[PDB]
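Protein chains in written order, with the authors' numbering: chain B, 34 to 314, 323 to 349, 376 to 408; chain A, 27 to 52, 57 to 357, 376 to 408; chain B', 34 to 314, 323 to 349, 376 to 408; chain A', 27 to 52, 57 to 357, 376 to 408. A prime marks a further copy of an entry chain.
What follows is one structure encoded as structure tokens, with my remarks underneath.
4 protein chains.
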Amino acid sequence: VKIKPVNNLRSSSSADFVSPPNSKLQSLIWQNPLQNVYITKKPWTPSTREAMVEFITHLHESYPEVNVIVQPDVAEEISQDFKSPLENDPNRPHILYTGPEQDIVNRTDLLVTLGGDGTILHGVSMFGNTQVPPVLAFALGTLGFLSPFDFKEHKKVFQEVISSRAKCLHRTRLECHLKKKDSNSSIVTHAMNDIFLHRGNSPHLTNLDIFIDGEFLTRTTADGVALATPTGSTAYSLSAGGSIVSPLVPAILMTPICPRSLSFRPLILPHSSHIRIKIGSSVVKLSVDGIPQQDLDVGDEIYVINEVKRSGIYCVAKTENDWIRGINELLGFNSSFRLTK
Amino acid sequence: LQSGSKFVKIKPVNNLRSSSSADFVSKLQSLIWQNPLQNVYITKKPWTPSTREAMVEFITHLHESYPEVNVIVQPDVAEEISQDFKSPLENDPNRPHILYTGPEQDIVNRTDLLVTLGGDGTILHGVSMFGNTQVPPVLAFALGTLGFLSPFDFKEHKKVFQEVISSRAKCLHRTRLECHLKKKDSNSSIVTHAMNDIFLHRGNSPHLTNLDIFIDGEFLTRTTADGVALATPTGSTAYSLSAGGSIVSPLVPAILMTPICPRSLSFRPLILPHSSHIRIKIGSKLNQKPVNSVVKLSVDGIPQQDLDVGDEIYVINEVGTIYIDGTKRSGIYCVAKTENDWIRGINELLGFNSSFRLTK
Amino acid sequence: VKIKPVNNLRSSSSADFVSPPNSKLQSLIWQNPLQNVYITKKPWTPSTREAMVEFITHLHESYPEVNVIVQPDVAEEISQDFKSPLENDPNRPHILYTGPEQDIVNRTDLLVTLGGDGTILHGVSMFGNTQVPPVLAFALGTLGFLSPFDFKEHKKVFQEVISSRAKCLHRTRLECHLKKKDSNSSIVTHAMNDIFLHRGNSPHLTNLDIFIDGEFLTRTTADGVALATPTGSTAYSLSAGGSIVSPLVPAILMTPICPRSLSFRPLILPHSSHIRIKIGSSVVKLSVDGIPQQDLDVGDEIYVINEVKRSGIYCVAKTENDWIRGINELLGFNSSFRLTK
Amino acid sequence: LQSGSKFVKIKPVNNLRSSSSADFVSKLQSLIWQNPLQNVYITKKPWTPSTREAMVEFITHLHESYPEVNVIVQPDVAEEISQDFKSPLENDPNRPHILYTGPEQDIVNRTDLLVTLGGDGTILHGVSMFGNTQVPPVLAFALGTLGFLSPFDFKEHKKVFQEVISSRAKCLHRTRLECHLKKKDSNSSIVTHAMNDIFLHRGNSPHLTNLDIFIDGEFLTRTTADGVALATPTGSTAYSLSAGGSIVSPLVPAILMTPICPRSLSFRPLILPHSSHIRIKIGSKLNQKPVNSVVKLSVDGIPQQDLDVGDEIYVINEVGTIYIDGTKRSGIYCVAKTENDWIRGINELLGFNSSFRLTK
Ligand SMILES: NC(=O)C1=CN([C@@H]2O[C@H](COP(=O)(O)OP(=O)(O)OC[C@H]3O[C@@H](n4cnc5c(N)ncnc54)[C@H](O)[C@@H]3O)[C@@H](O)[C@H]2O)C=CC1
Ligand SMILES: NC(=O)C1=CN([C@@H]2O[C@H](COP(=O)(O)OP(=O)(O)OC[C@H]3O[C@@H](n4cnc5c(N)ncnc54)[C@H](O)[C@@H]3O)[C@@H](O)[C@H]2O)C=CC1
Ligand SMILES: NC(=O)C1=CN([C@@H]2O[C@H](COP(=O)(O)OP(=O)(O)OC[C@H]3O[C@@H](n4cnc5c(N)ncnc54)[C@H](O)[C@@H]3O)[C@@H](O)[C@H]2O)C=CC1
Ligand SMILES: NC(=O)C1=CN([C@@H]2O[C@H](COP(=O)(O)OP(=O)(O)OC[C@H]3O[C@@H](n4cnc5c(N)ncnc54)[C@H](O)[C@@H]3O)[C@@H](O)[C@H]2O)C=CC1
């Protein structure tokens, strides 16, 4: 194993996305060859560690041109896990490119995740405002919803990816603009799942004034409220009683979290909606994709829109019908009562 | 057809010129008449005095104020209301009120504007006439018991019609669904068009429907239930709402799939892409009740047919369906009152998120 | 096989029910020996037919004192199914007692069901206003919710029953009093599950005025409304969004069926409630335990109370915790999302 | 304790006689005083002018009209309101307003009647004082922002108190739950009493709670969620309602089990027998986040403790629990306004089954 600085590699090369006739998905076409592959994994998890080693071994064996990128602390963790050099000659060790977060962000052509939903969410968030490279997600360890591929098929799947034969689902994201009373500027954060406000530690209910496109919608006194992407419709929003929304639908979900109301039916809003929520009368917690942000005081506001740089997240898909299969087999959608045995 | 007054003449609607499709310049679309507005088709909720009175009053206004305007009504309505006009135009007995009428196909071809006098059902049946063709703009006045869709009080009719004819009105676009019924032992299809919804229901039968649902050629689920509803966003506030569905803005491109009293704890309502291809086949359980008339099919509330085990419906949006391997202006334009009709409608008419009593 | 008239048998002997300390159930104590056993089965169903033969064979073999009662058309159907007489001597054929419905009702000590929920419901309804004998329910064919026993354990279970060692769950029933505008008197019907009003064949919504103990509750415009026992809480009421209510709770459920309202949350009402529902402005169908009754016109009324003759239905229970097990294993209660494989 | 006026004397509540438990002759129970009503404990919503004003006005009325009556308030309240009395009794400077006060245990032993001035929280905290003992009858006046439980406007206080003291009032019985907290590595229990509910919640933690639920010693389910609520019928209109629970009449003997934002499509709310034995153990998933402070426990909204993996709560009704093998007047009596407070409350305060707008 040899650790090298990632700053030796060229900046990210963009892929092209085309919508073929009678497809729900976008063809992933590498206009310049794929080279910079960043691999992230669920930490402190044996199966993701072993799968990473095995995936990198496979890449170094089968794809000389591919440069493997990992985090610094990860490169240290897995260096001892490789023993046999390439084709068993001591002159080709396993080259791991690594460096500061920004260097990785600037150079990544393809993001590969080994783990669950958290792994994808945190990998994608690392990119901040840089357009996100395509995401190839393998499910390892405890199951989540978003990763379509079993690690066992990693060789066949990656071959389709690098050969411009794979297709991607486009997942839209929300932008959260936080405006606190005190200071000058907005803090902007991107959400794959959701942005939510919650009483959290406080025993007192939130009082939220909700505006759509400048028009007052409603006051809600509640545990909180969730604004979700269609991707996020299966996450917190689903727990709170929301509908399941195919990731192909352009929309924003507004789902109340335990409201003092008999009639706050969940809303499905247009993609282009501008949502403003004002904290009315440390009272309220703000979270983006589950990660706590600043605490909000009475008078603070969030402004939420769809992300409009190529926007959104392109995730390699297994089939044209991944969503159907996921809701059935992962979420237990419309499970039949037992009719025999 | 016999008029019940010498002050009314009933004339063939084929005496009128073909429809002038308007322009829609653009979240609301401006309604701008390329050819001037002339042929106004008026429908009303039947057997309700207020709407018959409103129709006569509206037609009187058009005949008084807009000489270029031609009034079209249904044949039975023409006969019904003919005795209600108690004077000719401008006190001149040689200028009777003229009402144009004829068969649907004749009316459909010549309508520039649909005006409805009644409730939600009035709009639904009116638009339903224009199923296989282009729907003219829809001007909807609420009379009698309130519904959700008609944005105007009939009291406002002079000022609203004024704005419409002068090309100063704006419209909300509402999408339409297509239901294709394919009977067991048939390769033909019966096509219907939906503004609200398409639904299957056990109806008169005491036994639950058993329905196999396929999306984009893939099997989704079997449901055993009262039935299932497929709804436009417009229809999200209708049957689908009653069945526990989400409220969907009419600007969202989606199809709702909402179960009706399912034997399941986990049939959460689904929101599907507007591009979806939906097939529902009427099934049964092994050795059973009757296999005929086990399910009723309705489209915008209108019973179509009882269906048998083996029948299928195919449901798609009017435009933009994606057919994955293994499977004329569109939509409806409704004259809007404000740029915020939707939020105000859900709040004031449906009581969306009504606060618990906080004072007094 | 020999067919005999059931009118040769004594009238029904009642069992005694005692609530032992630290039990949820009622001990079934035969004060006079159990003798008259009426067996009913889901019709046109091979497995129930074969199980009936096998159960009767077992009774004639092991319990000389037991008299087997079946329906006339059933006695004809199964007579050919027996071939071997008792202990293979031609002088003891299989004695089947049968006769008119009322004779069976008057003489039954124990009702045995072989089938599903429908079998129990229709067997129990046969008794009209006569107090219902204890019910021993075996699940055969397609699964339903109410029968706690697998037919395979029929010998062990019946031995506990006849030996006064079994325990019963007491299920309460509702009484429906139908008062049509036209005529003089009420038609009274008993419900194990529910009484419901529904638009049925009509495309027009029902308009129902609901009164509790003489006080106006609400007008509902809807597909309909269901009034359910706790037993019925897992039936139609559950499909309509009702809560799952243990059969030990004294209560009446009022669950709207697709109401034109955002705020008709299902209600749980006191056991002693008097519920009156008036049909407001062939418009409305009435069903009791799923069986269509008379059609109702505007101005007709139903009056619904708990049945107050020993009241209710005593069903032989398998364990103290049948309800937990049924909701988990039959209804898929709180099914976990897939966490592995 | 220092009074802020020579017109008020603050006296030890132990100067008063032990409580007189009333009689409850019998769906409402008549409140008939065996010993005459004397010791009136008054609580108010803190830091709200209307309730401080109401307290002074109520106490003034008692002192003017009922010489036999003794007023008990909290120690800090006695000091707070002492400066608010601007005259002595009957203009006699030798007859100051007397306010009795002391520690909870002292107050609890001597209260004939609890009077609350505020909202739902005021009742909850007031009743909470009488946890391990008998709860005196509760007379609840609504001041400030409306809640659900207080049936009387404070304006009505003279006429209502008149009915109560003269043994002409009626009360609704509300049952209480007991929460037994058994810490990990402990065999002792911390007991609390609930009028509304007992709930577990992730609170400050960003991770979901993992809770193992046992009923009557049998494992029911593991839930991964924000949390779970166990509620009385009284509490069915509180947190449980917000979480999607059914509205349960306070005359039904039951315990509600309602999930709070569960990771499941099938955790339908449960209604359990009042006799039920409920145990909930704080679990975790294999190799995880922190194991401490993973869940908050609240009882009637009051945070008790952060709980750790391995802690358990046991929840039972105050009376009538059945313990299947392997596992003083009770309840709360609230003075009622009419024989139909419940139907009127759900309709008028909660907007139960609010009709869509049908006219105007
Ligand atoms: N359901 C609930 O009561 C709560 C849910 N959350 C969700 O956790 C999400 C963060 O995910 P993690 O980083 O894994 O944190 P995590 O491990 O704390 O919780 C996430 C749980 O939700 C699942 N999940 C996440 N995204 C999903 C999606 N799009 N569809 C279906 N299931 C999904 C995960 O697989 C995991 O089971 C937040 O975006 C929020 O939606 C956060 C708080 C409460
Ligand atoms: N909620 C329920 O239980 C049922 C509802 N329906 C609805 O009736 C519709 C047909 O309408 P009508 O001819 O007036 O028959 P209708 O008068 O029998 O039913 C219409 C009821 O639903 C309301 N409605 C209809 N469309 C609506 C919409 N888009 N948003 C909000 N409310 C709406 C109407 O105002 C009226 O109160 C069908 O498309 C179906 O959606 C049909 C059967 C049952
Ligand atoms: N869920 C729905 O949409 C509808 C349900 N029903 C139910 O059918 C019941 C009559 O039962 P059957 O004679 O078997 O007719 P059935 O065969 O037509 O339908 C009954 C279905 O409900 C199940 N079921 C019946 N009682 C149940 C209970 N107490 N708990 C859980 N599941 C139960 C049966 O096993 C069967 O799956 C009626 O009392 C009514 O509750 C009737 C119409 C519609
Ligand atoms: N709905 C929600 O999202 C939450 C509700 N709560 C409720 O707060 C209760 C504590 O009450 P407070 O001390 O006033 O704190 P609070 O003022 O923070 O919450 C009480 C809110 O719930 C209402 N409420 C309380 N009990 C009720 C009941 N039995 N029926 C109808 N409404 C009721 C109150 O009027 C008030 O609007 C707890 O027992 C819990 O049930 C606590 C947290 C969240």
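All C-beta atoms in this analysis are idealised placements derived from N, C-alpha and C, irrespective of residue type, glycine included.
(request) For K213/B', collect the residues of the same chain with a Cβ closer than 6 Å to its Cβ; drop the 5 residues on either side in sequence, then sort them by chain order. (result) Cβ neighbours of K213/B' beyond the five flanking positions: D341.
(message) Quick check on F249/A: buried or exposed, where buried means 16 or more other Cβ atoms within 10 Å of its Cβ?
(response) Exposed: under 16 other Cβ atoms inside 10 Å.
(message) Considering only heavy atoms of ligand 1, does any lie closer than 7 Å to the CB of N226/B?
(response) For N226/B, the shortest C-beta to heavy atom distance toward ligand 1 is below 7 Å.
(message) Within a Cβ cutoff of 6 Å, which residues of the same chain sit near residue 365/A', ignoring the five residues on either side of it in sequence?
(response) Missing from the coordinates: residue 365/A', inside the break in chain A' from 357 to 376.
(request) Return the chain-ordered list of same chain residues with a C-beta closer than 6 Å to the C-beta of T78/A', the five sequence neighbours on each side being excluded. (result) Only residues of its own chain outside the window of five on either side were considered, and among them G174 have a CB closer than 6 Å to the CB of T78/A', listed in chain order.
(request) Answer with buried or exposed for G156/B, where buried requires no fewer than 16 other C-beta atoms within 10 angstroms of its C-beta. (result) It is buried - the Cβ of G156/B has at least 16 other Cβ atoms within 10 Å.
(message) So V107/B and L92/B are supposed to be a Cβ contact under 8 Å. How far apart are they, rounded?
(response) In fact, because the Cβ distance is near 15 Å, the residues do not count as touching under 8 Å.
(message) For a contact defined as C-beta to C-beta under 8 Å, what are the partners of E396/B' on chain B?
(response) Near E396/B' (Cβ distances below 8 Å), the residues of chain B are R405.
(request) For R293/A, decide whether its Cβ has a neighbour in chain B', counting only Cβ atoms nearer than 8 Å. (result) So, interface residue.
(message) Using a Cβ-Cβ cutoff of less than 7 Å, which residues in the same chain neighbour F182/A' once the five nearest sequence positions on both sides are dropped?
(response) Closer than 7 Å at Cβ, skipping near neighbours: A170, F171, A172, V190 and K385.
(message) Output needed in chain order: residues of the segment 269-291 of chain A' with a Cβ under 8 Å from some Cβ in chain B.
(response) Along the segment 269-291 of chain A', going in chain order, the ones with a CB nearer than 8 Å to a CB of chain B are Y269, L271, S272, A273, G274, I290 and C291.
(message) Ignoring anything shorter than 4 residues, give me the alpha helix (DSSP H) runs that lie fully in the segment 139-190 of chain A', in order along the chain.
(response) Within the segment 139-190 of chain A', the complete alpha helix (DSSP H) runs of at least 4 residues are 150-158.
(request) Compute the minimum distance between the beta carbon of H203/B' and the heavy atoms of ligand 3, and state whether it is under 7 Å. (result) Checking every heavy atom of ligand 3 against the Cβ of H203/B', none is found closer than 7 Å.
(message) Does any residue of chain A have a CB that is nearer than 8 Å to the CB of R392/A'?
(response) Closer than 8 Å: no.
(message) Taking beta-carbon pairs under 8 Å, can you tell me which members of the segment 145-173 of chain B lie near chain A'?
(response) Result list empty, no residue passes.
(message) Just to make sure I have the definition right: I need the residues of chain A whose C-beta is within less than 8 Å of the C-beta of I245/B. Which are they?
(response) Within chain A, the residues near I245/B are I391.
(message) Does the contact criterion of 3 or more C-beta pairs under 8 Å hold for the segment 380-394 of chain B versus the segment 283-299 of chain B?
(response) Taking 8 Å as the limit for Cβ pairs, the verdict is that the segment 283-299 of chain B does not touch the segment 380-394 of chain B.
(request) Collect the residues with a C-beta less than 6 Å away from any heavy atom of ligand 3 and give them in sequence order along the chain. (result) Checking every Cβ against the heavy atoms of ligand 3 under 6 Å gives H237/A, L238/A, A255/A, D256/A, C291/A, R293/A, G149/B', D150/B', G151/B', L154/B', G177/B', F178/B', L179/B', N226/B', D227/B', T264/B', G265/B', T267/B', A268/B', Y269/B', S272/B', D330/B' and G331/B'.
(message) Distance check for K116/B' and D122/B', CA to CA, integer angstroms please.
(response) The straight-line gap separating the alpha-carbon atoms of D122/B' and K116/B' is approximately 11 Å.
(request) Can you tell me which of the three DSSP states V282/A falls into? (result) When DSSP states are grouped into helix, strand and coil, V282/A belongs to the coil group.
(message) Does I380/A' pass the burial test, meaning 16 or more other C-beta atoms within 10 Å, or should it be called exposed?
(response) Buried is the call here.
(message) Using CA atoms only, rank isn't needed, just tell me which of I195/A', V34/A', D336/A' and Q28/A' is closest to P167/A'.
(response) Of the listed residues, the one whose Cα sits closest to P167/A' is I195/A'.
(message) Alpha carbons only, please: which of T264/B, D242/B and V99/B is nearest the one belonging to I310/B?
(response) It is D242/B whose Cα lies nearest to the Cα of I310/B.
(request) Output the distance between the C-alpha atoms of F178/B' and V339/B, rounded to the nearest integer angstrom. (result) Roughly 51 Å separates the two Cα atoms.
(request) Inspect the CB distances between the segment 256-273 of chain A' and the segment 401-408 of chain B' and report whether three or more fall short of 8 Å. (result) Counting Cβ pairs under 8 Å, fewer than three are found: no touch.
(message) Pairs of beta-carbons, one from the segment 224-241 of chain B and one from the segment 263-274 of chain B, closer than 8 Å: are there three or more?
(response) Contact between the segment 224-241 of chain B and the segment 263-274 of chain B is present: 3 or more CB-CB pairs across the two stretches fall below 8 Å.
(request) Measure the Cβ-Cβ separation of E387/B and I343/A and say whether it is below 8 Å. (result) The answer is no: Cβ separation not under 8 Å.
(message) Restricting to Cα atoms, I'd like to know which of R252/B', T251/B', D215/B' and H223/B' is closest to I332/B'.
(response) The shortest C-alpha separation from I332/B' is found at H223/B'.
(message) Going by DSSP, what residue range makes up the alpha helix (DSSP H) through residue 374/B'?
(response) Gap note for chain B': numbering proceeds from 349 to 376 with nothing in between, so residue 374/B' has no coordinates.
(message) My output table needs one value for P38/A': the three-state DSSP class, helix, strand or coil.
(response) DSSP, reduced to helix, strand and coil, places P38/A' within a strand of the structure shown.
(message) Determine whether the beta carbon atoms of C209/A' and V329/A' lie at a separation below 8 Å.
(response) Yes, the Cβ-Cβ distance between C209/A' and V329/A' is below 8 Å.
(request) List the residues that DSSP assigns as beta-bridge partners of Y130/A. (result) Per DSSP, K37/A and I102/A.
(request) Report the rounded CA-to-CA distance for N55/B versus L202/B, giving the unit in angstroms. (result) In this structure, the alpha-carbon of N55/B lies about 14 Å from that of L202/B.
(request) Quick one: which residues of the segment 244-267 of chain B' get their C-beta closer than 9 Å to a C-beta of chain B? List them in chain order. (result) Within the segment 244-267 of chain B', no residue has its Cβ closer than 9 Å to any Cβ of chain B.
(request) Taking only the alpha-carbon atoms, compute the straight-line gap between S306/B' and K35/A' and give it to the nearest angstrom. (result) Using only the alpha carbons, I get a separation of about 51 Å.
(request) Determine the chain B residues that contact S296/A at a beta-carbon separation under 7 Å, and present them in chain order. (result) Listed along chain B are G399, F400, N401 and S402, each with a C-beta nearer than 7 Å to that of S296/A.
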